[PDB]
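Take a look at the structure set out below.
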Amino acid sequence: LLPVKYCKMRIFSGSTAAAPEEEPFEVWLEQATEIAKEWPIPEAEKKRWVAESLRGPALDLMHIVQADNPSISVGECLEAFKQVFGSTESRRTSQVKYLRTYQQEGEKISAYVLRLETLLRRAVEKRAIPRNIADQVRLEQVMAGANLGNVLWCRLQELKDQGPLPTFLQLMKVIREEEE
Amino acid sequence: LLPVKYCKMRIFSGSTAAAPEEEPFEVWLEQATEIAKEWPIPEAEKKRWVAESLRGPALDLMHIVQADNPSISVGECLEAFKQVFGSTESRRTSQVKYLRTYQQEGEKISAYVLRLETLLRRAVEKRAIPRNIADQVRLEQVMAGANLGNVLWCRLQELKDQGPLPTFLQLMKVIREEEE
Amino acid sequence: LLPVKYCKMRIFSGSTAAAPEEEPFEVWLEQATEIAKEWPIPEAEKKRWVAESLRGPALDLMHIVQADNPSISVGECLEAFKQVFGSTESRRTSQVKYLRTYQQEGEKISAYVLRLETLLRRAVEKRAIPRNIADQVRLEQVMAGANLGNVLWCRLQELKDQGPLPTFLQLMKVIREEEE
């Protein structure tokens with residue numbers, strides 16, 4: 001009889017021309033694995049609740065996969081989705097895509113350093129960057145790739161020379177304080 | 001028979017078109033209160049020595065106030081002067097006139113920060129600014145209101161982060177050392 | 001029967017229009033004094049080995065000096081060379097030639113500060129600068145005489161206020177780290 005808290009299913013589609021409602025695949029797989037492993041419901045409704053989150057090309061893959069094997073488990077479907085849509089980067093290509101990444105022509109700089117920190121985690125999980133130098137490659141890649149103002153650059157240059165280097169949180173604090 | 005030194009009387013007139021010889025009223029009252037309280041001679045001599053420091057519109061007020069009551073004391077005259085010329089500012093208007101005060105189009109920044117400190121003392125005696133944040137509002141109002149850049153901005157922004165904040169004297173030293 | 005690693009003789013000529021192969025006189029005298037004092041052979045071999053390092057006007061002086069006194073020692077020849085080519089500076093002129101020395105129109109600033117330290121040593125040898133202020137006159141002459149801006153100016157300005165002043169080596173390290 002009360003109001004009820006609806007909550008939005010995370011939609012995925014796999015098109016490059018993605019709509020604003022649609023996630024990157026790595027986020028969708030974190031939902032689909034919950035439906036696969038954690039929910040208690042039988043496999044026939046797991047399949048449906050996975051399928052009801054898909055749209056466009058990604059839904060076509062679910063149809064292809066199920067039609068080519070009607071006995072398939074949801075776990076084996078998610079292996080097919082990992083194989084088609086999961087990112088195939090190597091140690092070489094993840095270092096390159098990280099180091100190639102500069103501040104975009106429309107970005108404010110505090111968005112750039114936050115965007116950049118996700119690529120560092122991507123590269124560290126590939127073992128393409130050692131954890132013990134992550135701070136160095138943060139400051140260096142920010143200072144290489146950002147459109148820095150002089151008064152920020154002095155404070156970043158000081159911090160690079162300081163001895164103990166910034167956390168990502170402190171680097172964001174310093175950059176945010178110069179966004180004005 | 002020796003040389004002799006006449007330390008000059010502080011002249012006041014109350015006109016907006018004040019001549020270079022003429023004090024702000026708040027300074028003249030500090031002289032007139034000396035002649036009122038401290039000097040030993042009778043009220044008739046005090047009246048004349050007060051009047052001899054007044055000129056133009058402020059002298060006209062002394063004539064009005066005396067003519068409407070010849071029995072008046074010099075102390076009671078200075079209450080009339082406080083009422084007509086003494087600064088009428090409220091708590092808000094002292095903060096607003098402080099925060100509105102930017103570096104003038106012909107000022108060097110080393111003059112501006114000293115001009116500005118007098119307005120802070122004005123606002124503190126109104127209890128409009130808490131004494132314990134005076135240093136913050138110095139650095140902030142300097143950095144907001146002055147025409148500085150780059151090399152000086154770095155040292156001031158550094159000092160804002162340094163822990164214990166500058167005295168007015170040290171802030172003046174830093175700004176003067178960049179006037180060159 | 002083996003390769004031999006012969007090392008080039010330091011040629012000197014004393015012309016203002018010096019060729020790229022030719023040393024300044026102070027470096028040549030440091031070789032000629034070795035041939036005078038340290039080599040074992042007689043004066044008649046010393047004279048020839050000194051003369052074989054000279055060219056043009058400096059060789060003409062060796063001929064003049066020997067012809068006007070064939071009894072002369074190699075040491076007394078080098079006294080004639082010190083008298084004709086050795087620099088005749090004074091406390092006044094060495095301070096001026098140092099403080100007048102700015103960064104050249106084609107120089108990198110890291111080359112300029114190294115050139116500048118040689119002039120400081122020149123001045124200290126004439127007692128024209130006290131050794132205990134050499135650090136101040138480095139930072140001040142760099143900051144006055146270089147072409148500078150932005151992050152390096154801020155770092156140099158900080159270092160002037162830092163307490164213990166830079167060595168020349170550290171001042172070079174700082175300037176080189178901003179040459180990029």
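Residue names in the structure tokens use chain letters A, B, ... in the order shown, residue numbers from 1 in each chain, and ligand numbers from 1 in the order shown.
DSSP, applied to the backbone of this structure, assigns strand (DSSP E or B) to the following residues of chain A: residues 11, 12, 22 and 54 of chain A.
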Using only C-alpha atoms, find the residues of chain A whose closest atom to chain C is at most 12 Å away, then write them as a PyMOL selection string. chain A and resi 144+148-158+160-161
Can you list, as number ranges by chain, every protein, DNA or RNA residue that comes within 10 Å of segment 59-70 of chain B when you count only C-alpha atoms, leaving out same-chain residues fewer than 5 positions away? B: 12-14, 47, 50-54, 76-78, 80-81, 84
Superposing chain B on chain A using every C-alpha atom, matched in order, leaves an RMSD of 0.3 Å
Q | Non-local contacts of residue 46 of chain A (8 Å; only C-alpha atoms; under 6 positions in same chain excluded) as number ranges by chain | A | A: 35-36, 74
Within 9 Å of residue 29 of chain B, counting only C-alpha atoms, which residues qualify if same-chain residues fewer than 2 places away don't, as a ChimeraX atom specification? /B:25-27,31-34,78,81-82,86
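Among the candidate residues C:58, C:73, C:37, C:133, the one lying nearest to residue 23 of chain C is C:58, with distances computed using only C-alpha atoms.
Going from atom CA of residue 163 of chain A to atom CA of residue 171 of chain C covers 18.3 Å.
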Item to check | Near-residue 128 of chain C list (7 Å; only C-alpha atoms; drop same-chain fewer than 5 positions) as an MDAnalysis selection string | outcome: chainID C and resid 91 94:95 123
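In this model, the gap between atom CA of residue 108 of chain B and atom CA of residue 138 of chain B comes to 16.8 Å.
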Of B:104, B:167, B:132, B:162, the one nearest to residue 117 of chain B when counting only C-alpha atoms is B:167
- Message: For the structure I just gave you, how does DSSP split segment 52-104 of chain A - specifically, which residues are helix (DSSP H, G or I)? Reply as a PyMOL selection string.
- Response: chain A and resi 56-68+74-85+91-99
Restricting it to N, CA and C atoms, dump the selection as a tab-separated table (two decimals), in the first residue's frame.
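Once everything was written out, this is out-v7.tsv:
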```
chain	number	residue	atom	x	y	z
A	56	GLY	N	19.82	-4.85	-28.56
A	56	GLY	CA	20.64	-4.73	-29.78
A	56	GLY	C	21.65	-5.87	-29.98
A	57	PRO	N	22.87	-5.62	-30.47
A	57	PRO	CA	23.85	-6.66	-30.78
A	57	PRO	C	24.11	-7.63	-29.63
A	58	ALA	N	24.22	-7.15	-28.40
A	58	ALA	CA	24.43	-8.04	-27.27
A	58	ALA	C	23.25	-9.00	-27.06
A	59	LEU	N	22.01	-8.59	-27.35
A	59	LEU	CA	20.87	-9.51	-27.28
A	59	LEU	C	20.94	-10.54	-28.40
A	60	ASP	N	21.36	-10.12	-29.60
A	60	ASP	CA	21.56	-11.06	-30.70
A	60	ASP	C	22.55	-12.15	-30.33
A	61	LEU	N	23.64	-11.83	-29.62
A	61	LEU	CA	24.56	-12.86	-29.17
A	61	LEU	C	23.89	-13.85	-28.21
A	62	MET	N	23.04	-13.40	-27.29
A	62	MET	CA	22.33	-14.33	-26.41
A	62	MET	C	21.46	-15.29	-27.22
A	63	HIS	N	20.75	-14.79	-28.23
A	63	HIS	CA	19.95	-15.64	-29.11
A	63	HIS	C	20.81	-16.63	-29.89
A	64	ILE	N	21.90	-16.18	-30.50
A	64	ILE	CA	22.84	-17.05	-31.22
A	64	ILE	C	23.35	-18.15	-30.29
A	65	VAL	N	23.86	-17.79	-29.12
A	65	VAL	CA	24.43	-18.72	-28.15
A	65	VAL	C	23.39	-19.73	-27.67
A	66	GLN	N	22.20	-19.30	-27.26
A	66	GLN	CA	21.15	-20.22	-26.83
A	66	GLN	C	20.68	-21.12	-27.97
A	67	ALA	N	20.47	-20.59	-29.17
A	67	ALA	CA	19.98	-21.38	-30.29
A	67	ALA	C	20.99	-22.45	-30.72
A	68	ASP	N	22.29	-22.15	-30.69
A	68	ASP	CA	23.34	-23.11	-31.02
A	68	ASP	C	23.56	-24.16	-29.92
A	74	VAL	N	23.99	-20.54	-17.67
A	74	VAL	CA	24.23	-19.09	-17.69
A	74	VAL	C	25.72	-18.78	-17.57
A	75	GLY	N	26.48	-19.53	-16.77
A	75	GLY	CA	27.93	-19.38	-16.68
A	75	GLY	C	28.62	-19.52	-18.04
A	76	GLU	N	28.27	-20.54	-18.82
A	76	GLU	CA	28.82	-20.71	-20.17
A	76	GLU	C	28.39	-19.59	-21.13
A	77	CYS	N	27.17	-19.04	-21.00
A	77	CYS	CA	26.80	-17.85	-21.76
A	77	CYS	C	27.72	-16.68	-21.42
A	78	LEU	N	27.97	-16.42	-20.13
A	78	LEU	CA	28.85	-15.33	-19.74
A	78	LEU	C	30.28	-15.53	-20.22
A	79	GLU	N	30.78	-16.76	-20.34
A	79	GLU	CA	32.05	-16.99	-21.03
A	79	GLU	C	31.99	-16.57	-22.50
A	80	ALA	N	30.89	-16.84	-23.21
A	80	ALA	CA	30.74	-16.37	-24.58
A	80	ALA	C	30.69	-14.83	-24.64
A	81	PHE	N	30.00	-14.17	-23.71
A	81	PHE	CA	30.01	-12.70	-23.63
A	81	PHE	C	31.39	-12.14	-23.31
A	82	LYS	N	32.13	-12.72	-22.35
A	82	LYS	CA	33.52	-12.34	-22.09
A	82	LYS	C	34.35	-12.48	-23.36
A	83	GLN	N	34.17	-13.56	-24.11
A	83	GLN	CA	34.92	-13.80	-25.34
A	83	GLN	C	34.61	-12.79	-26.45
A	84	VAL	N	33.35	-12.38	-26.61
A	84	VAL	CA	32.97	-11.42	-27.66
A	84	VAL	C	33.22	-9.97	-27.27
A	85	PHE	N	32.94	-9.57	-26.03
A	85	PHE	CA	32.93	-8.16	-25.61
A	85	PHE	C	33.98	-7.79	-24.56
A	91	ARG	N	50.00	-6.31	-22.31
A	91	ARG	CA	50.86	-5.46	-21.47
A	91	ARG	C	51.38	-4.25	-22.25
A	92	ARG	N	51.89	-4.47	-23.46
A	92	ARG	CA	52.26	-3.42	-24.42
A	92	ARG	C	51.11	-2.46	-24.70
A	93	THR	N	49.94	-2.95	-25.11
A	93	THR	CA	48.85	-2.05	-25.53
A	93	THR	C	48.22	-1.29	-24.38
A	94	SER	N	48.15	-1.85	-23.17
A	94	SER	CA	47.64	-1.11	-22.01
A	94	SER	C	48.58	-0.01	-21.53
A	95	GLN	N	49.90	-0.22	-21.50
A	95	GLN	CA	50.85	0.88	-21.28
A	95	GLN	C	50.68	1.97	-22.32
A	96	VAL	N	50.61	1.61	-23.60
A	96	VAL	CA	50.46	2.60	-24.67
A	96	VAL	C	49.17	3.39	-24.50
A	97	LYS	N	48.02	2.73	-24.35
A	97	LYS	CA	46.73	3.44	-24.22
A	97	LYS	C	46.68	4.32	-22.97
A	98	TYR	N	47.32	3.92	-21.87
A	98	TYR	CA	47.50	4.79	-20.71
A	98	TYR	C	48.36	6.01	-21.04
A	99	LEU	N	49.59	5.81	-21.53
A	99	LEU	CA	50.53	6.91	-21.76
A	99	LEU	C	50.11	7.83	-22.91
```
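With atom CA of residue 6 of chain C on one side and atom CA of residue 19 of chain C on the other, the separation reads 21.9 Å.
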